[PDB]
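Asks: This is the structure I have questions about; it appears just below.
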Amino acid sequence: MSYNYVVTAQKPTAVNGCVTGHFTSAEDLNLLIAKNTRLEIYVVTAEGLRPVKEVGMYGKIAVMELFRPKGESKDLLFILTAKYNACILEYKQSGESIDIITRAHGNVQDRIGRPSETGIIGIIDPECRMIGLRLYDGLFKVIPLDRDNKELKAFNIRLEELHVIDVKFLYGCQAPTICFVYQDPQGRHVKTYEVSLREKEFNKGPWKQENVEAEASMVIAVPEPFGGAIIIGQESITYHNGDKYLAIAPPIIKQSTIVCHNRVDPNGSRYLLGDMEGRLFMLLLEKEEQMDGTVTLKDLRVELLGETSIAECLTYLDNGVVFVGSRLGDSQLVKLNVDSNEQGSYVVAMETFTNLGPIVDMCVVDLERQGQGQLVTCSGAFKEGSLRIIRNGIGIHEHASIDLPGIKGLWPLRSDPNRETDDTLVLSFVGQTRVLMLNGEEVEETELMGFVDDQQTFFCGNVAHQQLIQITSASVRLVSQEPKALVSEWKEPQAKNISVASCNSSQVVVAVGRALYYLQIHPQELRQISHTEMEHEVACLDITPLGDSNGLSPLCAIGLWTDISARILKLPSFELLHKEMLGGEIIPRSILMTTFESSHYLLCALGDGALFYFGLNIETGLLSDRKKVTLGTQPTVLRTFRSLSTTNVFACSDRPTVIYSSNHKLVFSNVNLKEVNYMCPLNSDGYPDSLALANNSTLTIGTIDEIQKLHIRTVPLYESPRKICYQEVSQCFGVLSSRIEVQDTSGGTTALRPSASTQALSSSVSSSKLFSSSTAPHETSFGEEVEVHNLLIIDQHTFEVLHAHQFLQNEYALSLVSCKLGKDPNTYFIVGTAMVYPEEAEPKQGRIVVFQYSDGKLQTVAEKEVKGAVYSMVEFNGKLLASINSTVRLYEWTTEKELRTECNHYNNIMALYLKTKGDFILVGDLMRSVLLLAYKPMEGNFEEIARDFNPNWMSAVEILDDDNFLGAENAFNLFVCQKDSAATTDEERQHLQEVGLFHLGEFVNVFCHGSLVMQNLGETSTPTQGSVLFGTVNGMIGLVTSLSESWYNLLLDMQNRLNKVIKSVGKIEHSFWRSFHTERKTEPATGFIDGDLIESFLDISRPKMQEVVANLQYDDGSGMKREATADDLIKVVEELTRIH
Amino acid sequence: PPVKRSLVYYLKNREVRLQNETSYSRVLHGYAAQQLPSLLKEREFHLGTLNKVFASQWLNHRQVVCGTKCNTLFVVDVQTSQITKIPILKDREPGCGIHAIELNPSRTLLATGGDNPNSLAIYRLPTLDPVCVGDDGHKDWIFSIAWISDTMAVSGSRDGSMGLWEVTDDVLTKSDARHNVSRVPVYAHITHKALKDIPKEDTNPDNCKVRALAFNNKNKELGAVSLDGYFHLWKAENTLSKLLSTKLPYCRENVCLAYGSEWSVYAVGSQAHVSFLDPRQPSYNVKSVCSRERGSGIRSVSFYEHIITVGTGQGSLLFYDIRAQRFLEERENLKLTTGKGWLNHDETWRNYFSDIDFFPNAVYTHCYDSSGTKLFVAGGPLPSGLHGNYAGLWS
């Protein structure tokens, strides 16, 4: 039996629901976004949405609603997951620590019952007497909201109407009253009933059922004074409340189906209506005061606001700002204007939230030649299409680059005394110094008066009294900001060259040979107070300020040239408080004191690429909690920077990394840059919150992006992407995409919108006549939409669109692979295309076209006609393996650069995906799951060994190892096939065995061999075997690896113990979430280790960590069981983030 | 704007699920339905000493329920190749075998024959827990079962009667509540709502036995095959009432009925030919296709998209292509064959069939899974005087 490890590298990004209300405080408006298993809390402000906390839930969110029981100061948040896990959450904050506390929880799953065909729907009574849930057809679950109902048990009340599309509680009723829209064979009707919790029965509501539009689906609960409910269909909207009936049919909504809604005003006067077409509508309620003192609806009005991304849920903020939650594309925060734009829209986007989903394809390439690999995924469709670059690490956006080789250090200066932002940058060089002027986005060489240009600068920066300090090999120079002139100079009493320096607002420390001098900074004067002598010469020293001090630090950290160690000295006397041995082969190059979230830490880097970090106690000058991480083989330099309103550290090396704090714990993540030697913070007017990164040959100027474990960069296409591959030789990615053009009366076509295929720097059109023999029956029709495919070439470093090649009319590109062919070291773009017409169920003719990108142009190399559509292509040991309809064919690469078939396999229905490892081929079928083929180079043909007999509509395939083959099910479960070497019969030998059942909660759309973090590249030092990344419809990216028997048993006991102790948001039992889940049956998970369970420990705040670890036995990998501490689960998580 | 039926558009839309249309499912399944039958491999199971298997239905992705001549109900776990038996339920009073099994449209209630062949037994899915006591509505053995709704089921008999059983909202609510609350299941007592006979036509009124039933979910019709050579169509949308009758081209061995939902055609087996019936056509306008297995009889029939699967007494399964109007050819009609299974050389065999040591295992039941790629086949020896069983999963 094989065992596998499954971990999520990038959390789901698609939005599945969103609500507005008073969640974090009684006065502020809050916006809550549910992204499958992730709940994100945002505060509504005039400027936008401010995230406060994010928690991972053990389940897929289907219902999320706010409610306020009597006696509560703020609304409570209820979630019902697709795994029947119910929970009530409340926002709690203490000082700087933010977390979500579960008020109640429990599972409501039944052993028998048909899950509802309309999906999971849940509602909360306005008076908070009960929560109504629709999980099964014909059954309505009620959860009483008693204050002592710790377990959210639900009871089933029989409803006569089995199939209900939407349900809401009515406002203004004395008894709990539910209104719902249900579909009968005679059309859709709306009925209401009262809920009796003691009788477990439904009674006739305040008004009788009324016939409504056959497309009626969405129900809006209408708060008082209005009360009642609004029913939304395809063409009309109808309002029901007691004796009142009102209906309107706006033509502006007839072209799109409304899928979601949200309250705009607290009194229910306005609501948002969203749709699948991205048309945002405003629903307005006209009020009429009644003679009995009540208020009822007078009329309905709907206005078109404009176009947005596809809306899955809407949430109103304030001041006319609308949040558009998107499941199939990026979510948008947009503002409603009074005046329309040139397109007639009133909606202008202010901010965009990245969504990787739907992920259609992806590939991993080592474009930086570092051995890690960069994953680029195709996401979205039509105007929302884009490329997403995902890497383990923190990304930075490059805006400028200057040819400044040989930089030995960087420091910002404020030469203008009237500005708080940076306006000057100092470059240190051996034997000389240079200064760059900062003018907005532009950077130019200049000279700053008072500074030494003929000596190497070791440290400089801003100091108190409106002065700048520069320390060079020859002397210490104090230069005022105005008139930018030297005011005071200090010289070494030993007449020796300074080798190290550091400065802060009032303290200066200089290292010359073994001597350390402490100087005070005074207005227009430097003063020497004291000095000491070290046993060995100092290689690095730092007095960077910590915490909230005014640029002051009582301690100085140093490193030495001889004993390879770090020391803490107390100023001014330089008293030694702590000595820590670093070890390694090369002396320390930089030592740094920094602060993370007001917590003090010390870091020191060696010239051999090793990084040592420890907790720093300033009051005592002692180090603790020592940990070591290896970054690379080149010297590493440590410097602190301030960005994004927080303080962090950048480690410059051949594998640069950013040190940052998340959930009050340090996380070490790489950077998506080729290499950096030295750096400094930038806070200029044009570069606020930016970094200056100096590499071996050039200086890179740029800005830090959102700090997350996995960074995502977006390259919009404005057209539908299809497939992606990497061409190593040309340093480019190939992408298949398509745009929609409308055919005119002239016979030509016009694009509806510009896209990457039309905005490329250069382009070409295929001249082949292979498909000219046949045309569409509507080839000359007018007004018909025509889909045009193109191959886009994007640079691996800038990801800009370099070239676009257009394919022939009616030619669809189904697959794309780029690899080395035959014995030719050059990698080529291989595109599988087919001739497709609407009347042809299955293409009978297609071709494989090989392109080479060189010298800025994409040139077609060769084309090979094939008997059928090409669905997939993979690199197989330098050969081109392609799937053509029902047959898999292996093509050899000839000296003429043309493909020739060598062997094939016919025992398939339709091979949609191909991935290979070693000599094994894994083929994904349209309906027959995956099959195991093996290639025999000595025979020159394929032999079928076994195939999976568990039917599944595959979306992609990949091989974990020679024996372990990975697939995904349409039921949100993962599976791994193993060759049954123990089989004795033909039935057993031909059947791939399942080695476990694991419920992921996500639908995997693509598989790809590789990793987002440093790969083993065939080495066996990695504790896991194999590395396959996978993408999902919701933008989730995970890693699957194989486990040995020992790892599986060790981690399985860990998982079973963690399932009962870890208190995640909602306090949902983890063992149920991961249990194998289908519409027919649920089974306990086996054969897989859930890495998300351990990593979820990083989301819970410290107050919960103590309760989770208490009475928990944790295995650190030695096999010994000991009681866990908070740092044990955090430490393992830090290691886990380095394997995926 | 032309209609797009190509699977290429399906593949590119499925990757994004951006309002992907369901109209492509017909082509997806039909394309595979033509190529799948020739690529299937045989997986035979050992059923032990069970008499025969006459009926089977898919209950899960891993298990198929099977009924037997000895009234034993069991499920074959095709994923693990294991046999699990289900307890046989008794009637309300202590007053053959299981010839038919059917699942309700909701896949929550399993209807099989009980300990007494004249009684219907109800089992809960997926747990297999008992639901109701065996009824006594019929005066003779039940040969056919069909679920007309989520709560209603109709069962036929040798005397030509069809019992109408209905579960009310209160009965179903209490039954479900008991099974989910109490770990130990509790069955309810039931009786038939009404009993109606098939119409008496100018054909043999005595051979009025209803051997097969099939329900059309789209038009809410209950079709019935009698052995008098006539097909009967009843309405079963809310109450049981006769609609129409048509004449079959053959009046011998009309033991199996299936309905093609994509073609609106009723398939009726016979001694050699499969009849294609259309309620909208004259009673004489019935087409027949010969299975080529003359003299052995057609024992089962089912629709997989536009491909009709026909089981015969020789233990083989034939595939008929409606669109091509011909039988599928092997990559020479393409056909699957059953294995040896288990044959009981008992006293009855010794008395009547002692001159033959082995008989082919006739295909009495077969069913496709939800994906359409797994075909479960089960049966036993063709002769009524012999005991023996076969089952296997083709994939």
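Just so we're on the same page: first chain in the structure tokens is A, next is B, and so on; residues restart at 1 for each chain, and ligands are numbered from 1 in the order they show up.
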Name all residues at most 7 Å from residue 343 of chain B (count only C-alpha atoms; drop same-chain ones fewer than 4 positions away) and give them as a count of residues only.
Replies: 3
Asks: Could you give me, as CSV, a per-residue list for chain B showing, wherever an atom lies at most 8 Å from an atom of chain A, the closest pair of atoms and their distance in Å to one decimal, using only C-alpha atoms and sorting by chain then residue number from low to high?
Replies:
```
residue,atom,partner,partner_atom,distance
B:1,CA,A:784,CA,5.8
B:2,CA,A:838,CA,6.4
B:3,CA,A:838,CA,5.9
B:4,CA,A:838,CA,4.0
B:5,CA,A:841,CA,5.2
B:6,CA,A:841,CA,3.9
B:7,CA,A:841,CA,6.1
B:8,CA,A:836,CA,7.5
B:12,CA,A:722,CA,7.1
B:15,CA,A:360,CA,5.1
B:16,CA,A:358,CA,5.2
B:17,CA,A:358,CA,7.6
B:18,CA,A:328,CA,7.1
B:19,CA,A:276,CA,7.9
B:27,CA,A:841,CA,6.8
B:32,CA,A:909,CA,6.1
B:35,CA,A:909,CA,6.2
B:36,CA,A:909,CA,6.8
B:39,CA,A:907,CA,6.4
B:42,CA,A:987,CA,7.4
B:43,CA,A:987,CA,6.1
B:60,CA,A:1080,CA,6.2
B:61,CA,A:950,CA,7.8
B:79,CA,A:950,CA,7.7
B:106,CA,A:114,CA,6.7
B:107,CA,A:114,CA,7.5
B:108,CA,A:113,CA,6.7
B:124,CA,A:112,CA,7.9
B:125,CA,A:112,CA,6.9
B:126,CA,A:1080,CA,6.7
B:127,CA,A:112,CA,7.2
B:169,CA,A:158,CA,7.4
B:173,CA,A:158,CA,6.2
B:176,CA,A:112,CA,7.3
B:177,CA,A:156,CA,7.5
B:179,CA,A:112,CA,7.4
B:180,CA,A:111,CA,5.7
B:371,CA,A:951,CA,6.2
B:373,CA,A:951,CA,6.5
B:374,CA,A:951,CA,7.4
B:395,CA,A:949,CA,6.0
```
Asks: Select, from A:2, A:730, A:488, A:498, the residue with the minimum atom-to-atom distance to residue 455 of chain A, counting only C-alpha atoms.
Replies: A:498
Asks: Between atom CA of residue 283 of chain A and atom CA of residue 169 of chain A, what is the spacing in Å?
Replies: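 The value is 19.2 Å.
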Asks: Near segment 182-195 of chain A, within 9 Å and counting only C-alpha atoms, which residues show up once chain neighbours fewer than 4 positions away are dropped, as a ChimeraX atom specification?
Replies: /A:142,161-167,170,175-178,199-217,231,240
Asks: Mind dumping the selected residues with C-alpha atoms as a compact mmCIF listing (two decimals), in the first residue's frame?
Replies:
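Result went into part10.txt, see below:
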```txt
# COMPACT_ATOMS: atom_id res chain seq x y z
CA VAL A 142 -34.23 24.03 12.43
CA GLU A 161 -42.59 21.26 -1.22
CA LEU A 162 -39.53 19.09 -1.84
CA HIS A 163 -37.60 21.25 -4.34
CA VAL A 164 -37.03 24.82 -3.10
CA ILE A 165 -34.71 27.22 -4.95
CA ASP A 166 -34.47 29.97 -2.34
CA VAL A 167 -35.89 30.64 1.12
CA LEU A 170 -40.01 37.45 6.55
CA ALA A 175 -44.20 34.36 14.69
CA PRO A 176 -41.13 32.98 12.87
CA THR A 177 -42.28 33.08 9.26
CA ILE A 178 -40.51 31.67 6.21
CA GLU A 199 -44.44 20.97 17.51
CA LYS A 200 -41.82 20.33 14.80
CA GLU A 201 -44.43 21.36 12.23
CA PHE A 202 -45.18 24.15 9.77
CA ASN A 203 -48.40 26.16 9.87
CA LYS A 204 -49.98 28.39 7.24
CA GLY A 205 -48.24 31.75 7.13
CA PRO A 206 -49.73 35.25 7.07
CA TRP A 207 -50.60 35.02 3.35
CA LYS A 208 -51.45 32.39 0.74
CA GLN A 209 -49.12 31.11 -1.97
CA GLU A 210 -49.11 33.18 -5.18
CA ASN A 211 -48.10 32.24 -8.71
CA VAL A 212 -44.90 33.96 -9.85
CA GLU A 213 -42.66 34.08 -12.92
CA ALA A 214 -41.54 30.61 -13.98
CA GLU A 215 -37.92 31.78 -13.61
CA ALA A 216 -38.43 33.17 -10.11
CA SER A 217 -35.46 32.12 -8.03
CA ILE A 231 -38.96 37.59 -5.47
CA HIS A 240 -45.21 39.71 -1.40
```
Asks: Just the residues within 10 Å of residue 238 of chain B, please, counting only C-alpha atoms, with nothing from its chain fewer than 2 positions along; format it as an MDAnalysis selection string.
Replies: chainID B and resid 148:149 152 220 235:236 240:241
Asks: Those residues you just picked out, can you put them in a file as a JSON list (two decimals), in the first residue's frame with N, CA, C and O atoms?
Replies:
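To be explicit, this is the file written out as result_17.json:
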```json
[["chain", "number", "residue", "atom", "x", "y", "z"],
["B", 148, "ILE", "N", -42.75, 4.52, -9.47],
["B", 148, "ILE", "CA", -43.37, 5.59, -10.24],
["B", 148, "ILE", "C", -43.11, 6.98, -9.66],
["B", 148, "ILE", "O", -43.27, 7.98, -10.37],
["B", 149, "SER", "N", -42.74, 7.07, -8.38],
["B", 149, "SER", "CA", -42.43, 8.35, -7.75],
["B", 149, "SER", "C", -41.50, 8.08, -6.58],
["B", 149, "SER", "O", -41.14, 6.93, -6.30],
["B", 152, "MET", "N", -44.17, 6.42, -4.23],
["B", 152, "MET", "CA", -45.07, 5.40, -4.75],
["B", 152, "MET", "C", -44.31, 4.37, -5.57],
["B", 152, "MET", "O", -43.38, 4.70, -6.31],
["B", 220, "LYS", "N", -44.04, 10.60, -16.92],
["B", 220, "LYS", "CA", -44.73, 9.98, -15.78],
["B", 220, "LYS", "C", -45.57, 8.78, -16.21],
["B", 220, "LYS", "O", -46.69, 8.58, -15.72],
["B", 235, "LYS", "N", -50.86, 5.47, -16.82],
["B", 235, "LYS", "CA", -50.40, 6.72, -16.23],
["B", 235, "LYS", "C", -50.11, 6.51, -14.76],
["B", 235, "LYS", "O", -50.86, 5.82, -14.05],
["B", 236, "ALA", "N", -49.00, 7.08, -14.29],
["B", 236, "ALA", "CA", -48.57, 6.93, -12.90],
["B", 236, "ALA", "C", -48.01, 8.24, -12.37],
["B", 236, "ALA", "O", -47.07, 8.26, -11.57],
["B", 240, "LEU", "N", -52.93, 5.54, -10.57],
["B", 240, "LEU", "CA", -52.72, 4.47, -11.55],
["B", 240, "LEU", "C", -53.95, 4.32, -12.44],
["B", 240, "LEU", "O", -55.03, 3.96, -11.96],
["B", 241, "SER", "N", -53.79, 4.58, -13.74],
["B", 241, "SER", "CA", -54.89, 4.52, -14.70],
["B", 241, "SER", "C", -54.36, 4.13, -16.08],
["B", 241, "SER", "O", -53.26, 4.54, -16.46]]
```
Asks: Going by DSSP on the backbone, which bits of segment 722-948 of chain A are alpha helix (DSSP H)? Write them as a PyMOL selection string, please.
Replies: chain A and resi 756-759
Asks: Produce a file of the selected residues containing N, CA and C atoms, as a PDB file, in the first residue's frame.
Replies:
```pdb
ATOM      1  N   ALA A 756      -4.529  40.690 -25.426  1.00  0.00           N
ATOM      2  CA  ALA A 756      -3.111  40.400 -25.618  1.00  0.00           C
ATOM      3  C   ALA A 756      -2.802  39.931 -27.035  1.00  0.00           C
ATOM      4  N   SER A 757      -3.739  39.226 -27.674  1.00  0.00           N
ATOM      5  CA  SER A 757      -3.529  38.776 -29.046  1.00  0.00           C
ATOM      6  C   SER A 757      -3.533  39.924 -30.049  1.00  0.00           C
ATOM      7  N   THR A 758      -4.070  41.090 -29.681  1.00  0.00           N
ATOM      8  CA  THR A 758      -4.049  42.254 -30.555  1.00  0.00           C
ATOM      9  C   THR A 758      -3.145  43.369 -30.050  1.00  0.00           C
ATOM     10  N   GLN A 759      -2.764  43.337 -28.773  1.00  0.00           N
ATOM     11  CA  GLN A 759      -1.907  44.345 -28.166  1.00  0.00           C
ATOM     12  C   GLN A 759      -0.437  43.932 -28.115  1.00  0.00           C
TER      13      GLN A 759
END
```
Asks: Report the residues of segment 274-338 of chain A whose backbone DSSP state falls under strand (DSSP E), written as a PyMOL selection string.
Replies: chain A and resi 274-275+279-289+295-307+313-316+321-325+331-336
Asks: Using only C-alpha atoms, which protein or nucleic acid residues come within 7 Å of residue 57 of chain B? Drop anything in the same chain fewer than 3 positions from it, and give the result as a VMD selection string.
Replies: chain B and resid 64 to 66 101 to 102 367
Asks: Which residues are near residue 849 of chain A? Cut-off 12 Å, only C-alpha atoms, ignore same chain within fewer than 3 positions. Put them as a PyMOL selection string.
Replies: chain A and resi 766+768+770+791+805+807-808+811+813-818+828-834+846+852+859-866+870+873+880+882+897-899
Asks: Write out, as a short mmCIF file (atom, residue, chain, number, x, y, z; two decimals), in the first residue's frame, the residues just selected, with N, CA, C and O atoms.
Replies:
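This went into result28.cif:
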```cif
data_model
loop_
_atom_site.label_atom_id
_atom_site.label_comp_id
_atom_site.auth_asym_id
_atom_site.auth_seq_id
_atom_site.Cartn_x
_atom_site.Cartn_y
_atom_site.Cartn_z
N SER A 766 -1.13 32.41 -39.35
CA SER A 766 -0.78 31.18 -40.04
C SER A 766 -1.18 31.24 -41.50
O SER A 766 -2.27 31.72 -41.84
N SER A 768 -0.98 28.36 -43.49
CA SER A 768 -1.21 26.98 -43.92
C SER A 768 -2.60 26.83 -44.54
O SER A 768 -3.57 27.47 -44.12
N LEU A 770 -4.06 23.67 -44.88
CA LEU A 770 -4.54 22.33 -44.55
C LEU A 770 -6.05 22.29 -44.35
O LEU A 770 -6.70 21.32 -44.75
N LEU A 791 -1.54 32.00 -30.14
CA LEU A 791 -0.47 31.57 -29.26
C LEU A 791 0.31 32.80 -28.83
O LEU A 791 0.91 33.49 -29.66
N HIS A 805 0.62 34.89 -32.19
CA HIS A 805 0.44 34.22 -33.47
C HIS A 805 -1.01 33.77 -33.60
O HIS A 805 -1.50 33.03 -32.74
N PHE A 807 -4.06 31.66 -35.30
CA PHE A 807 -4.28 30.41 -36.02
C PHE A 807 -5.33 30.60 -37.12
O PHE A 807 -5.95 31.66 -37.25
N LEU A 808 -5.53 29.56 -37.92
CA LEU A 808 -6.43 29.66 -39.06
C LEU A 808 -7.88 29.74 -38.60
O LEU A 808 -8.24 29.28 -37.52
N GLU A 811 -9.83 26.98 -36.71
CA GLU A 811 -8.82 26.10 -36.13
C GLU A 811 -8.71 26.38 -34.64
O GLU A 811 -8.38 27.50 -34.24
N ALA A 813 -6.98 25.49 -30.95
CA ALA A 813 -5.79 24.93 -30.32
C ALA A 813 -6.21 24.28 -29.01
O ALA A 813 -6.62 24.96 -28.07
N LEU A 814 -6.10 22.95 -28.95
CA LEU A 814 -6.58 22.20 -27.80
C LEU A 814 -5.50 21.92 -26.76
O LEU A 814 -5.82 21.75 -25.58
N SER A 815 -4.23 21.85 -27.16
CA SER A 815 -3.17 21.52 -26.22
C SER A 815 -1.90 22.28 -26.57
O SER A 815 -1.70 22.70 -27.71
N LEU A 816 -1.03 22.43 -25.57
CA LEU A 816 0.22 23.16 -25.74
C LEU A 816 1.29 22.56 -24.83
O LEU A 816 1.06 22.41 -23.63
N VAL A 817 2.45 22.25 -25.41
CA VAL A 817 3.60 21.76 -24.65
C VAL A 817 4.87 22.36 -25.25
O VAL A 817 4.97 22.55 -26.47
N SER A 818 5.84 22.65 -24.39
CA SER A 818 7.14 23.15 -24.82
C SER A 818 8.23 22.34 -24.15
O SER A 818 8.26 22.22 -22.92
N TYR A 828 11.06 23.77 -28.06
CA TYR A 828 10.14 24.30 -29.05
C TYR A 828 8.73 24.36 -28.49
O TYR A 828 8.38 23.61 -27.57
N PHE A 829 7.92 25.26 -29.04
CA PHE A 829 6.50 25.33 -28.71
C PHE A 829 5.75 24.38 -29.63
O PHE A 829 5.78 24.55 -30.85
N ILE A 830 5.08 23.39 -29.06
CA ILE A 830 4.31 22.43 -29.83
C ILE A 830 2.84 22.64 -29.50
O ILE A 830 2.44 22.55 -28.34
N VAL A 831 2.03 22.93 -30.53
CA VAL A 831 0.62 23.23 -30.36
C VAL A 831 -0.20 22.17 -31.07
O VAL A 831 0.04 21.88 -32.25
N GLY A 832 -1.18 21.60 -30.37
CA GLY A 832 -2.10 20.66 -30.95
C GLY A 832 -3.39 21.37 -31.30
O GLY A 832 -4.02 21.97 -30.43
N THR A 833 -3.76 21.31 -32.57
CA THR A 833 -4.95 22.00 -33.06
C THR A 833 -5.89 21.02 -33.76
O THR A 833 -5.52 19.90 -34.09
N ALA A 834 -7.12 21.49 -33.99
CA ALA A 834 -8.14 20.68 -34.65
C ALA A 834 -9.05 21.59 -35.45
O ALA A 834 -9.24 22.76 -35.12
N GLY A 846 -6.90 17.24 -37.70
CA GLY A 846 -6.19 18.23 -36.91
C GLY A 846 -4.72 18.18 -37.26
O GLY A 846 -4.32 17.50 -38.20
N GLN A 852 9.14 28.09 -33.03
CA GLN A 852 10.35 28.46 -32.29
C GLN A 852 10.38 29.97 -32.12
O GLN A 852 10.25 30.70 -33.11
N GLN A 859 8.53 32.03 -35.05
CA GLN A 859 8.56 31.47 -36.40
C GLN A 859 8.04 30.04 -36.37
O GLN A 859 8.49 29.23 -35.55
N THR A 860 7.11 29.73 -37.28
CA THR A 860 6.63 28.36 -37.40
C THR A 860 7.73 27.47 -37.95
O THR A 860 8.36 27.79 -38.96
N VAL A 861 7.98 26.35 -37.27
CA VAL A 861 9.03 25.42 -37.67
C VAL A 861 8.49 24.33 -38.57
O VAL A 861 9.04 24.06 -39.65
N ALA A 862 7.43 23.66 -38.14
CA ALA A 862 6.90 22.54 -38.90
C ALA A 862 5.46 22.29 -38.48
O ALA A 862 5.01 22.75 -37.43
N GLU A 863 4.74 21.56 -39.33
CA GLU A 863 3.38 21.14 -39.03
C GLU A 863 3.21 19.70 -39.48
O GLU A 863 3.75 19.29 -40.52
N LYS A 864 2.48 18.92 -38.69
CA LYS A 864 2.21 17.52 -39.01
C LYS A 864 0.72 17.28 -38.92
O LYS A 864 0.11 17.56 -37.88
N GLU A 865 0.12 16.77 -39.99
CA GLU A 865 -1.30 16.45 -39.97
C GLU A 865 -1.53 15.15 -39.22
O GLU A 865 -0.77 14.19 -39.36
N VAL A 866 -2.59 15.13 -38.41
CA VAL A 866 -2.96 13.95 -37.64
C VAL A 866 -4.43 13.63 -37.87
O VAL A 866 -5.24 14.51 -38.16
N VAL A 870 -6.06 16.95 -31.50
CA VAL A 870 -5.01 16.73 -30.51
C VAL A 870 -5.47 17.32 -29.19
O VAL A 870 -5.64 18.54 -29.07
N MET A 873 -0.47 16.92 -25.03
CA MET A 873 0.90 16.64 -25.42
C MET A 873 1.82 16.83 -24.22
O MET A 873 1.63 17.76 -23.43
N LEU A 880 7.86 13.45 -28.33
CA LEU A 880 6.60 14.18 -28.27
C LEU A 880 5.46 13.16 -28.18
O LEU A 880 5.13 12.50 -29.17
N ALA A 882 1.53 12.60 -27.79
CA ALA A 882 0.33 13.37 -28.05
C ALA A 882 -0.90 12.48 -28.02
O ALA A 882 -0.86 11.31 -28.42
N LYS A 897 13.05 18.40 -38.28
CA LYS A 897 12.22 19.10 -37.31
C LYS A 897 10.73 18.82 -37.52
O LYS A 897 9.89 19.69 -37.34
N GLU A 898 10.41 17.59 -37.91
CA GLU A 898 9.03 17.18 -38.10
C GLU A 898 8.73 15.98 -37.21
O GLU A 898 9.63 15.20 -36.87
N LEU A 899 7.47 15.84 -36.82
CA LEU A 899 7.05 14.73 -35.97
C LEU A 899 6.69 13.52 -36.81
O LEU A 899 6.06 13.64 -37.87
#
```
Asks: Could you please determine the separation between atom CA of residue 443 of chain A and atom CA of residue 407 of chain A in Å, to one decimal place?
Replies: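 Taking atom CA of residue 443 of chain A as the start and atom CA of residue 407 of chain A as the end point, the length is 15.8 Å.
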Asks: Quick one: residues within 6 Å of segment 298-303 of chain A, only C-alpha atoms counted, chain neighbours fewer than 2 positions away excluded, as a PyMOL selection string?
Replies: chain A and resi 281-288
Asks: Dump N, CA and C atoms for the selected residues as a short mmCIF file (atom, residue, chain, number, x, y, z; two decimals), in the first residue's frame?
Replies:
```
data_model
loop_
_atom_site.label_atom_id
_atom_site.label_comp_id
_atom_site.auth_asym_id
_atom_site.auth_seq_id
_atom_site.Cartn_x
_atom_site.Cartn_y
_atom_site.Cartn_z
N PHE A 281 -26.98 45.71 -10.93
CA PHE A 281 -28.23 46.45 -10.90
C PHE A 281 -28.52 46.96 -9.49
N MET A 282 -29.18 48.10 -9.42
CA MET A 282 -29.64 48.67 -8.16
C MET A 282 -31.15 48.49 -8.07
N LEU A 283 -31.61 47.87 -6.98
CA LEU A 283 -33.03 47.66 -6.74
C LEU A 283 -33.48 48.67 -5.69
N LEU A 284 -34.50 49.45 -6.02
CA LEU A 284 -34.98 50.51 -5.13
C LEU A 284 -36.41 50.22 -4.70
N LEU A 285 -36.70 50.50 -3.44
CA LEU A 285 -38.01 50.25 -2.85
C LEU A 285 -38.67 51.59 -2.57
N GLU A 286 -39.84 51.81 -3.15
CA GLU A 286 -40.64 52.99 -2.84
C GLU A 286 -41.58 52.65 -1.70
N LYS A 287 -41.61 53.50 -0.68
CA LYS A 287 -42.37 53.21 0.53
C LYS A 287 -43.69 53.97 0.54
N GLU A 288 -44.71 53.34 1.12
CA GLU A 288 -45.98 53.99 1.38
C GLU A 288 -46.36 53.75 2.83
#
```
